[PDB]
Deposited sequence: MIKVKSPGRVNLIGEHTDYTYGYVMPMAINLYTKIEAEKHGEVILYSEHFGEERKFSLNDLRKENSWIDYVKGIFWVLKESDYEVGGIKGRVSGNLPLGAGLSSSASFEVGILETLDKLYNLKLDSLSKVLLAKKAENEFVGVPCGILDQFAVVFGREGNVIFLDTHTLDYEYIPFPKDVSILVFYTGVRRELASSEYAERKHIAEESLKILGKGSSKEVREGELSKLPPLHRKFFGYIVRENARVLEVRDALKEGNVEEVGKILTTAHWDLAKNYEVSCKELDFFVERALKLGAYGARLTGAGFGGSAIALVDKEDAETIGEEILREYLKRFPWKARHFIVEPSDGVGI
């Protein structure tokens, strides 16, 4: 019987850039999907969140349109990748909130992959784990995501964020400030528009004759159609912001990092149009209460936002904003204080 702890993730900066092979800067967080399991003839898993057991024969990787599909996707990608693995029986638990936008799917998928890696001694290298999990999500589950989530869940390192060039996969660990906490605020609001943005961004690269947004300057944008231009302008500005945050962090200039995150949030909200009033409310209030900066994290249109705050004020700021928020919106919002953590493992 083995136990695996697979973290969730928070992207600090570099949103909606990975599908045009731009820069991203995520971190694994100390909220996890936990898996305790042993070998078995079939696949049997009890989910603490759903409070139910779901199982399938190894012979059955048919989609059932339930959380079990995430498990089937991993068995599918391993078979598709020429690996022979057997079943597992176990329990899935942990404190990573389901569907809050902290990558429940990648955390779970990578956790299952790690469980199989250890039980069956597959000796997978870290990059392979990322690629397999991404392929499972993309081709089996059917969600067209970038590499951001999977990379963070596997490569995270305690006390560090990951600067990643999604075109070359070159990365580097950047230290996160000592007494600065990441206040996570889940709006309570658990796709289509993501797909649209992705298609438009891909057409833009082809129009510009480029393979990555990194190779695009603001000047060239005039050659794109109005709508394409509006969206791609955000991507170009975002790539530049990731590099600026990288430099600022290397100097420990948290004040500058915060200002950049805030600028990025309003760019996403006004130009990329992927925010919502619930997220905007949190950002504005967090800033008035002292945050160095705040920004939605993840895809947008709900989910969670983050605020960079002094460690000593994290609880108070979260509590004050939550009380104000619950008087304004009907959702079951929650706040968490997270720190950059190690990737999937024990």
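Next on the checklist: Should a student be asked to find the unmodelled regions, what ranges of the deposited sequence would be the right answer here?
Outcome noted: Unmodelled stretch: 191-194 only.
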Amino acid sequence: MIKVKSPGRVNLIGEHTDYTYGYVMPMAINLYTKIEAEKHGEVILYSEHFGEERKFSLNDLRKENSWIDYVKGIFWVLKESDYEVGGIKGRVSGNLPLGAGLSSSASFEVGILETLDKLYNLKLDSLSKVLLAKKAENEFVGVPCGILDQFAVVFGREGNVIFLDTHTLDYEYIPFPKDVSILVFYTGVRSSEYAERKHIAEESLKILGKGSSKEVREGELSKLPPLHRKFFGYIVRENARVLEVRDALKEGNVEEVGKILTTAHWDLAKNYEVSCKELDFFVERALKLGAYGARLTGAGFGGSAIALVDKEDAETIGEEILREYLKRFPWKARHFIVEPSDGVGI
From here on, numbers count along this sequence of modelled residues.
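Checklist entry - Which is higher in the entry, the mean Cα B factor of 226-234 or that of 164-172? => result Taking the mean B-factor of the alpha carbons in each, 226-234 is higher.
Item to check | Between 108-116 and 264-272 (mean CA B-factor, as deposited), the higher | outcome: Result of the comparison: 264-272.
Checklist entry - Can you tell me which of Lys259, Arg241, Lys72, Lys178 has the highest Cα temperature factor in the record? => result That would be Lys178, according to the entry.
Item to check | Selection by C-alpha B-factor (highest) of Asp280, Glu312, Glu36, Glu320 | outcome: Each of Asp280, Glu312, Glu36, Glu320 was compared by C-alpha B-factor; the highest is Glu312.
Checklist entry - C-alpha B factor of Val153, ranked within the chain: lowest, middle or highest third? => result Its C-alpha B-factor belongs to the lowest third of this chain's values.
Next on the checklist: Where does the C-alpha B-factor of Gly293 rank in its chain, lowest, middle or highest third?
Outcome noted: Within its chain, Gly293 is a lowest-third residue by C-alpha B-factor, going by the deposited values.
Item to check | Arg91, C-alpha B-factor rank within chain (lowest, middle or highest third) | outcome: For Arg91, the deposited C-alpha B-factor lands in the middle third.
Item to check | Cα B factor band for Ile306 (lowest, middle or highest third within the chain) | outcome: Bottom third by C-alpha B-factor.
Item to check | Among modelled residues of the same chain, the CA temperature factor third for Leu249 | outcome: Ranked within chain, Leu249 CA B lands in the highest tercile.
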